[PDB]
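Right, one structure below, let's go through it.
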RNA sequence: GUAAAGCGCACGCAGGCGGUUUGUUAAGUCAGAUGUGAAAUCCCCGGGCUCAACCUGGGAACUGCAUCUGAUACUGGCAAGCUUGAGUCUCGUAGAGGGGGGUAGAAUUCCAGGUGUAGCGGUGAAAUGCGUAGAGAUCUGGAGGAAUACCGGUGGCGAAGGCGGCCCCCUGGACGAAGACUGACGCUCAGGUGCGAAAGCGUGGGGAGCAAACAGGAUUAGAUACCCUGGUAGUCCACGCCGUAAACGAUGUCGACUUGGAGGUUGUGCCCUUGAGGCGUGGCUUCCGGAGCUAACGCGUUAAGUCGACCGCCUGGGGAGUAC
Ligand SMILES: [Mg+2]
Ligand SMILES: [Mg+2]
Ligand SMILES: [Mg+2]
Ligand SMILES: [Mg+2]
Ligand SMILES: [Mg+2]
Ligand SMILES: [Mg+2]
Ligand SMILES: [Mg+2]
Ligand SMILES: [Mg+2]
Ligand SMILES: [Mg+2]
């Protein structure tokens with residue numbers, strides 16, 4: 001959005017899923033693609049690309065196993081006016097461990113397990129189940 | 001609103017170049033005119049509120065621009081407020 | 008270039024947002040049903056019928072629609088199976104329990120004319136009793152041979168035979184319906200995007216169904 | 001939304017929040033470490049009173065504050081930018097947007113005069129009332145005030161309240177399109193300022209119709225009413241005040257997403273533009289309705305669906321939006 005560009009990413013992804021869409025598109029961003037990269041390895045998204053050397057536009061591909069979709073849970077937490085910063089011993093564990101939790105570390109964007117395995121903390125980004 | 005022979009006129013007096021109808025120095029100054037000119041209009045009628053709403057608009061809108069200049073080039077601010085006899 | 012050149016399109020702009028990936032491309036008022044997205048469905052469905060027919064199962068062809076009633080038996084009755092070309096009763100798939108009861112008085116009603124047991128009671132009486140056959144032998148006459156719920160249901164238009172399909176997905180009886188632009192294929196587990204109408208469309212595929220089913224059981 | 005709850009509506013200071021890129025900083029933040037965080041409680045493991053309560057060793061914890069050494073993804077600061085947000089310019093378009101001043105035609109009432117004559121008016125009936133001092137009706141001339149049939153629409157404009165005859169003058173906003181320009185200059189906004197139907201208030205005007213009060217007639221058991229005959233404030237104007245309404249979509253403003261169908265109104269591109277016309281592409285707006293949401297009704301791309309930023313508000317009924 002014009003105020004919360006990251007929160008929009010999640011919404012556009014979840015809104016697409018519900019509508020059984022194929023691919024979601026929206027303006028890119030260092031953090032955005034960075035986040036989009038994680039869900040990739042996590043198998044939450046098929047692939048992802050962008051267009052524009054001056055006018056970048058993210059391109060994500062939704063995913064679904066059977067009748068229902070894959071990403072059946074995606075919400076934010078550390079939003080503006082109410083940001084969240086956890087330690088290496090406070091990091092959340094989405095769905096008892098199954099779901100992932102994106103968190104920006106001094107090393108870069110990671111997941112609840114990722115950063116933990118490292119032994120460092122960062123500003124939580126969102127919960128993906 | 002404003003006459004072309006005036007709008008397109010002033011633009012060529014504050015623009016740091018040519019046909020720069022965007023330049024704050026320009027737009028901002030362009031606002032004072034339609035404002036000062038209307039003050040003579042509002043002197044009469046008075047009860048005409050729906051027109052003052054727009055008047056106030058361009059006024060605050062003008063200020064929103066002045067604050068910007070101060071936050072982009074201190075000089076340009078004090079360098080323009082004089083040419084327009086602003087601040088009062 | 009094959010026989011599949013008769014059900015190109017149907018049902019004007021009324022359509023149904025759901026039935027889209029099967030639309031060749033709207034043109035001249037109504038749209039078209041992408042046959043290239045129909046070819047797989049053309050057999051994929053039949054394959055299962057052919058497969059299930061070998062299991063000596065059951066198949067009920069639903070087509071209450073006039074332009075399909077009289078012209079449906081030859082594909083079901085002749086092929087010896089199950090069909091309902093009339094007002095689909097309420098429960099002939101769920102409340103079958105009590106419904107079958109109606110079938111009995113129908114069967115025993117038949118036997119009346121069978122032998123001399125028809126010349127019983129006033130000549131008027133026979134008439135009052137014979138009427139029941141008209142209704143019975145019609146609304147059930149083509150399902151009487153069903154001594155238990157089927158194993159798969161193949162319905163023509165997915166719209167008209169609405170209730171029919173409903174009860175099905177509530178009993179676990181697979182459904183092979185030839186939907187259409189204004190149809191709601193979400194209730195069909197084996198969609199066949201074709202002209203729900205067209206006197207020729209119905210016959211060809213309908214008869215084509217019994218074809219695979221006929222020798223389905225080898 | 002209807003249960004208690006969106007301020008009547010705007011503008012906007014403080015405050016909160018802030019599109020995209022690179023460098024930089026290292027404040028937030030994260031990592032390590034050093035202090036300190038009294039002991040005792042609590043907790044874990046383990047000891048002694050025959051057990052327990054109790055007593056007790058060590059640790060764990062004390063989620064904090066500070067300091068030092070780092071890490072630089074994100075937030076923040078600084079520098080230089082970028083253009084899609086926002087804005088400026090150009091040229092068009094529609095409009096009951098506003099303020100001022102004119103002006104026209106229909107009708108009412110009244111004044112005068114002509115014709116003409118015993119009724120008119122009113123109600124469910126009636127009666128009050130008006131009529132032989134000549135009404136009513138009719139026709140001619142005149143005075144005056146208020147509102148603008150038809151077009152008028154499921155229409156349009158406005159922040160809200162609201163805004164309809166035609167003409168001129170001063171003026172605001174909205175939208176489209178080729179574009180050109182500025183370069184995050186933005187969103188929200190307690191307090192604050194301003195706008196606010198009608199009724200009402202002050203001074204001075206005006207006053208046709210209508211009409212609280214008031215007065216007759218009728219109804220009725222009664223009728224301080226509904227009905228009828230009258231009628232004052234008021235309704236109208238100026239200027240100042242009062243700020244409320246079921247000030248209602250009973251639904252705060254801003255932005256991004258999310259199947260469809262039929263229609264309205266206004267801009268623009270295009271099509272043998274040969275046409276009423278046909279195909280798109282924007283603004284605003286009706287009705288139906290899917291997913292979803294909902295306690296249900298229902299809402300449903302103009303959301304009451306999925307989200308984000310800021311603000312107002314609710315916490316059982318009565319007492320009470322009352323007392324002080
Ligand atoms: Mg209520
Ligand atoms: Mg309420
Ligand atoms: Mg409101
Ligand atoms: Mg201690
Ligand atoms: Mg930074
Ligand atoms: Mg509006
Ligand atoms: Mg008033
Ligand atoms: Mg007065
Ligand atoms: Mg609806």
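Chains as they are written, first to last, in the entry's author numbering: chain AH, 1 to 129; chain AO, 1 to 88; chain AB, 8 to 225. Quick reminder that beta carbons are idealized off the backbone N, C-alpha and C, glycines included.
Cβ-Cβ separation, residue j to residue i (assumed contact under 8 Å), whole Å
{"i": "residue 46 (chain AB)", "j": "residue 162 (chain AB)", "result": "Rounded, the Cβ-Cβ distance is 21 Å, inconsistent with contact."}
{"i": "residue 32 (chain AH)", "j": "residue 5 (chain AH)", "result": "7 Å"}
{"i": "residue 201 (chain AB)", "j": "residue 212 (chain AB)", "result": "7 Å"}
{"i": "residue 26 (chain AB)", "j": "residue 190 (chain AB)", "result": "6 Å"}
{"i": "residue 83 (chain AB)", "j": "residue 215 (chain AB)", "result": "Actually they do not touch by this definition, with Cβ atoms about 13 Å apart."}
{"i": "residue 91 (chain AH)", "j": "residue 112 (chain AH)", "result": "5 Å"}
{"i": "residue 78 (chain AH)", "j": "residue 46 (chain AH)", "result": "Between residue 46 (chain AH) and residue 78 (chain AH) the Cβ distance is about 27 Å, and since that is not below 8 Å, they are no contact."}
Inter-residue Cα distance where the pair is residue i and residue j
{"i": "residue 66 (chain AB)", "j": "residue 158 (chain AB)", "result": "7 Å"}
{"i": "residue 215 (chain AH)", "j": "residue 13 (chain AH)", "result": "Because chain AH is modelled from 1 through 129, residue 215 (chain AH) falls outside the range shown and cannot be assessed."}
{"i": "residue 80 (chain AO)", "j": "residue 104 (chain AH)", "result": "45 Å"}
{"i": "residue 93 (chain AB)", "j": "residue 148 (chain AB)", "result": "10 Å"}
{"i": "residue 1 (chain AH)", "j": "residue 74 (chain AH)", "result": "17 Å"}
{"i": "residue 141 (chain AB)", "j": "residue 113 (chain AB)", "result": "10 Å"}
{"i": "residue 24 (chain AB)", "j": "residue 49 (chain AB)", "result": "22 Å"}
{"i": "residue 204 (chain AB)", "j": "residue 25 (chain AH)", "result": "40 Å"}
{"i": "residue 2 (chain AO)", "j": "residue 41 (chain AO)", "result": "13 Å"}
{"i": "residue 73 (chain AO)", "j": "residue 56 (chain AO)", "result": "26 Å"}
{"i": "residue 156 (chain AB)", "j": "residue 219 (chain AB)", "result": "21 Å"}
{"i": "residue 108 (chain AH)", "j": "residue 19 (chain AH)", "result": "32 Å"}
{"i": "residue 36 (chain AH)", "j": "residue 49 (chain AO)", "result": "52 Å"}
{"i": "residue 146 (chain AB)", "j": "residue 76 (chain AH)", "result": "58 Å"}
{"i": "residue 83 (chain AO)", "j": "residue 76 (chain AO)", "result": "11 Å"}
{"i": "residue 30 (chain AB)", "j": "residue 165 (chain AB)", "result": "17 Å"}
{"i": "residue 56 (chain AH)", "j": "residue 37 (chain AO)", "result": "45 Å"}
{"i": "residue 46 (chain AO)", "j": "residue 53 (chain AO)", "result": "12 Å"}
{"i": "residue 51 (chain AH)", "j": "residue 7 (chain AH)", "result": "21 Å"}
{"i": "residue 134 (chain AB)", "j": "residue 125 (chain AB)", "result": "10 Å"}
{"i": "residue 179 (chain AB)", "j": "residue 196 (chain AB)", "result": "11 Å"}
{"i": "residue 52 (chain AB)", "j": "residue 160 (chain AB)", "result": "12 Å"}
{"i": "residue 109 (chain AB)", "j": "residue 143 (chain AB)", "result": "8 Å"}
{"i": "residue 5 (chain AO)", "j": "residue 17 (chain AO)", "result": "18 Å"}
{"i": "residue 51 (chain AO)", "j": "residue 22 (chain AB)", "result": "50 Å"}
{"i": "residue 80 (chain AH)", "j": "residue 3 (chain AH)", "result": "9 Å"}
{"i": "residue 5 (chain AB)", "j": "residue 221 (chain AB)", "result": "The displayed coordinates of chain AB run from 8 to 225. Any statement about residue 5 (chain AB) would go beyond what the structure contains."}
Residue range of the alpha helix (DSSP H) that includes residue i
{"i": "residue 77 (chain AO)", "result": "74 to 80"}
{"i": "residue 124 (chain AH)", "result": "Where residue 124 (chain AH) is concerned, there is no enclosing alpha helix (DSSP H), although the beta strand (DSSP E) it sits in stretches over 122 to 128."}
{"i": "residue 30 (chain AO)", "result": "24 to 43"}
{"i": "residue 16 (chain AH)", "result": "5 to 18"}
{"i": "residue 118 (chain AB)", "result": "103 to 121"}
{"i": "residue 59 (chain AB)", "result": "46 to 60"}
{"i": "residue 79 (chain AH)", "result": "It is not in any alpha helix (DSSP H) - residue 79 (chain AH) carries neither H nor E in the DSSP assignment."}
{"i": "residue 76 (chain AB)", "result": "73 to 76"}
{"i": "residue 210 (chain AB)", "result": "206 to 221"}
{"i": "residue 173 (chain AB)", "result": "169 to 178"}
{"i": "residue 143 (chain AB)", "result": "130 to 146"}
{"i": "residue 54 (chain AO)", "result": "52 to 70"}
{"i": "residue 35 (chain AH)", "result": "30 to 41"}
For residue i, the first and last residue of its enclosing beta strand (DSSP E)
{"i": "residue 60 (chain AH)", "result": "57 to 61"}
{"i": "residue 49 (chain AH)", "result": "48 to 51"}
{"i": "residue 23 (chain AH)", "result": "23 to 27"}
{"i": "residue 100 (chain AH)", "result": "100 to 105"}
May I ask you to verify whether the stretch 90 to 98 of chain AH touches the stretch 56 to 71 of chain AH, counting CB pairs closer than 8 Å and requiring at least 3? no
For the stretch 20 to 32 of chain AO and the stretch 59 to 76 of chain AO, state whether three or more C-beta atom pairs, one from each stretch, are separated by less than 8 Å. Taking 8 Å as the limit for Cβ pairs, the verdict is that the stretch 59 to 76 of chain AO does touch the stretch 20 to 32 of chain AO.
Specify whether the stretch 9 to 17 of chain AO and the stretch 108 to 127 of chain AH touch according to this definition: at least 3 beta carbon pairs, one from each stretch, less than 8 Å apart. no
Does the stretch 96 to 114 of chain AB come into contact with the stretch 170 to 183 of chain AB, if we say contact requires no fewer than three beta-carbon pairs (one atom in each stretch) closer than 8 Å? yes
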